[PDB]
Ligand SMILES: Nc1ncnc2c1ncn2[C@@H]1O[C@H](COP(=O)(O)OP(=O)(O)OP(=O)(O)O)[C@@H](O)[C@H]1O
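What follows is a single chain, given as structure tokens, in the form deposited without this ligand.
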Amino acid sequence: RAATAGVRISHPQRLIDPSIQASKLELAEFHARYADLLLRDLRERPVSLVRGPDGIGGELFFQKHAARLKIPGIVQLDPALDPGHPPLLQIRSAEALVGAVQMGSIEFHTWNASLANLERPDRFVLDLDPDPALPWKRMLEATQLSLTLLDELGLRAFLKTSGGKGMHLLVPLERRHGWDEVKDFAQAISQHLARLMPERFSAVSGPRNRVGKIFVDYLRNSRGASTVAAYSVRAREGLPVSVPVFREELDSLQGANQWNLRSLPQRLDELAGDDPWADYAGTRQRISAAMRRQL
């Protein structure tokens, strides 16, 4: 089990994705090999799991809580953090990560807060969700326009493909605001973009509210909500990976799912050390009165 973080994988040959002949064992090995990358996000944050016991051709279980865990190493958080439910979950090691895969996990989504203080988010996320019939170039322009606004606000943002159909923007914040304050700020950004360019942006959820447009989704900033971890896999055809990218290579992208679990190695080799999110951990910013004035 040297390639699976010491974890025994049952039914190693069952297929997670028949389209590319990706087995459960392959998925487990990917998580062992890149555990450190995924842990850059998962290590100190509560995590929600997307489990697919029958692969992507079957259905998916979105799990936040668990009473009994068969994942050696997985941490069960204090029930007081979410009364009336079994413990929340936290993965802090490769063993726990691979163990989750052994138990059917395909996706890992994290909270916008870390164990240091789960009542003060350390980031907010903006997910640009497009109409399933909108040209990719539209998402490209929408991303640039969103980044320009963030720059004017004086906020450093970190971009990554979603592995699905849109782009994700992570904005770190000092732990000086409550959940509501941060979510409302994110919503204010969405609404601002919607008022400036209503033909491009929407600040209201629901497909019928973004026909031929892009919804600047701020709802993942609700306490308990979560966002796909950078470098993690999506339970979709081709097993796409969510990949951090440089703003300078944004217009060179052709989709939000160009990279997958097998092409990630090529991506890492091409970068050869270059880290799109090199300045993430060192970023120190907070919500200011000036930012609220601009919005």
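Residue numbers here begin at 1 and follow the sequence given.
Keep in mind that the form solved in complex with this ligand is not shown, yet the notes after this line are about it.
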| remark: TL;DR on 161-169, 84-92, 112-120, 187-195: the one with heavy atoms within 4.5 Å of this ligand in the deposited bound form is 161-169
| said: Residue-level contact is defined here as any heavy atom of the residue lying within 4.5 Å of this ligand in the deposited bound form; does residue 45 satisfy this criterion? | reply: no
| query | Can residue 38 be called a contact residue for this ligand in the deposited bound form at 4.5 Å between heavy atoms? | reply | no
| Would residue 141 count as touching this ligand in the deposited bound form under a 4.5 Å heavy atom rule? | no
| message | Test of understanding: in the deposited bound form, would residue 228 fall inside 4.5 Å of this ligand by heavy atoms? | response | yes
| message | Can you pick out, from 65, 236, 51, 33, the residue that has a heavy atom within 4.5 Å of this ligand in the deposited bound form? | response | 236
| field | Position in contact with this ligand when the complex is considered in the deposited bound form, options 200, 220, 177, 156, heavy atoms within 4.5 Å | value | 220
